[PDB]
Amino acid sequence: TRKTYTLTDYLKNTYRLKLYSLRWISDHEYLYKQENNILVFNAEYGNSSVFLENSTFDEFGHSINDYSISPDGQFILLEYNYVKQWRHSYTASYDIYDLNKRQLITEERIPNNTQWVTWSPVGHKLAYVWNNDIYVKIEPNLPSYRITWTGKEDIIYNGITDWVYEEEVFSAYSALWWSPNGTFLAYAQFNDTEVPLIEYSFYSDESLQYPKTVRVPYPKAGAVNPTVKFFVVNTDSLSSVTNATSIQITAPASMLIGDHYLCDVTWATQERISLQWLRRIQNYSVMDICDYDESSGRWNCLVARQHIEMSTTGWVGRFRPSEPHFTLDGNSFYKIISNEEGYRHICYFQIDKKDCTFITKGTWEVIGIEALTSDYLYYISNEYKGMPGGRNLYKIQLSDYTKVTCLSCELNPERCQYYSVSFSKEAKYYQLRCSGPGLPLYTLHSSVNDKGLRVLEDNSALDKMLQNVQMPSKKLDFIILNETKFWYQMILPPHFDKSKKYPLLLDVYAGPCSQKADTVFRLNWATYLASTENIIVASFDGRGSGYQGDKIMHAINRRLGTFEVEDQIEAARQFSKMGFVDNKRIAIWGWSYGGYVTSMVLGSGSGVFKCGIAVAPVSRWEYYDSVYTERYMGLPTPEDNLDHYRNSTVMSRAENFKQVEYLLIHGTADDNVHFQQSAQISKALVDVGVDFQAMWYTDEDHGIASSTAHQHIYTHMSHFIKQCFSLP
């Protein structure tokens, strides 16, 4: 008896996971949505009031997609007409509402088709981007001040990122940074004038007679990259001059010699900004720390404050150089960098001294720095129990580094091993977000004494429901290879019995710094496959995976399509030798990098796998973007790494696909991994006479996240998997 977790349950989302998303508006108050209306909460006592009743914007005539309150609480930014673009970019309309006089502002409005908008860090100043140009409003109802006049669609981007900077560098559309108290506005400018365009058809509703051709500047591996410049304007002078000057801060000579990237912007004080640059050969980066010269209104970065960060074994950072966290006075900062052993740790820097001091160490890594006060630095690491897949919050005493307290380890060790945190404005309070291995648990805490204030959401409602369902179990463990240990996890069917032979599906990602073996609780397709189809679903983090030191992460340096592919195959061998796996029913599947690796594995001729599914895969590195591809592969030229670029394609293994059952799937409007990539795979297969299954998804992008397509693709894949394992 007791129903199992079925496909419909997953697709229809019957068993919902509750969460508690709050927004700190001060040092002890936060916002929270409870029944369409917005409540403000007093962190200290848990009491609240209705900040904005849901019926406030009833007769607005528009569905409000999101809202944003200015720092001073005097105004609220209403966003509507949301139109998604890439992963982070989108356009929308905006109206500003005056919270005091409870009126909606109807004059000097933010234009429609606005690309980005942000309040100043203090007060209620506004900066926005329209038609690729920057604008600043000192007051919600006053005319804007134009900052740039160069804006030009697909050519010059002021204050916003182009496709590649948005996707691979800043993971954001915005490229502007208000100084701490809002006086200055810094921004980047990108020029894609000579960047080659990716073009593909977009069909739209059937009412469109002629298909549309989407054209976006996108630099493939080895192609011409966009250039970039950085500026800073003093917004306090806008109302005093006709045309305020944007002062440029040039990149250091060590970068100007070749193609480079702006990879980080972080203010230190009211008059000090830090910038990190990265060479197109991403193994060398420089940080300039620039100060405002009040007598010249210029910005100067002293070479004595310049910091170099390079890697002899790979690229710099997990995906890019890490951000610095400055002490109040801006004279020192903390940054996560790889130590002599290859493990990322927190290094303490004096701004005008090149040698830093590590304040943490060990055979584990710091994930990120979360908060810094004058007494303590808080961070999340996977040190607890030597489990690279766990995450915990720690506190370290700035006056005595031997004093490190773990703030989350023992809170509920059996239910919570993967933590995330959110501090109030001055870090007086913090919300802990436990997301695994048990049901997510959200709690609020007081920083002054680290005492639990109360439980915010325990998901008791879901635990209630999950009691009447045969849920699968999860095993997180490791196997030893060449002395080093590699982690893996298994979603095991209910009432698992190791005396039996279960079919096994290898779920893979395996890209650089990836981690599929963790303690997070998930309700996904693997849940259904294990609970209903009694299939074991496994994942493995072999060479190239992250959070375990550069010896493992940089092993695939300049060699993608090798060790991370082979290790995935070896993983399957090890699992079968565990005795509860049916060597005759072993499948593999992956999306994105997972698809590439899955394809490479299905075409290796290993005989280990019976069938596999690749969704939106990369097929040859020269088809993917420069920033990401070159980071691990260097340049596709004969003097660099061309031979390996040409040796790591899926297409060259076409012939071996005769040994397996393959299902290739790709969205046609995929702007990230172009359909082109699967189009070349299918062609190579047709060319050598290989039969396989295929599915395209009209107008879907890399996420194939459209509600209907999402359900359609997981249904199609389920049939394929069930058939391959002949359940049925």
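In this text, rigid core is short for the largest set of C-alphas that superpose within 1.5 Å between two forms. Note that residue numbering follows the sequence shown and begins at 1.
- Larger average C-alpha displacement in 4 other deposited structures of this protein, relative to the shown form after a rigid core fit, is seen for 234-242 when comparing 234-242 with 349-357.
- Comparing the two stretches 510-518 and 244-252 by root mean square C-alpha distance in 4 other deposited structures of this protein, with all structures fitted on the core, the more displaced one is 244-252.
- Higher average CA B factor: 464-472, of the stretches 554-562 and 464-472.
- Taking the mean C-alpha B-factor of each stretch as recorded, 199-207 and 405-413 are not equal, and the higher mean is that of 405-413.
- Comparing the C-alpha B-factors of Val224, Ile289, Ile105, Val615 in the entry, the top value falls on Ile105.
- In this entry, the residue among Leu262, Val136, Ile76, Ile359 with the greatest C-alpha B factor is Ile76.
- Ranked within its chain, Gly61 lands in the highest third, by CA B factor from the PDB record.
- In the deposited entry, the Cα temperature factor of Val537 places it in the middle third of its chain's modelled residues.
- Ranked by Cα temperature factor within the chain, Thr527 sits in the middle third according to the deposited record.
- In the PDB entry, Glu426 places in the highest third of its chain by CA B-factor.
- Residue-level temperature factors show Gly689 in the middle third of its chain, judged at the C-alpha atom.
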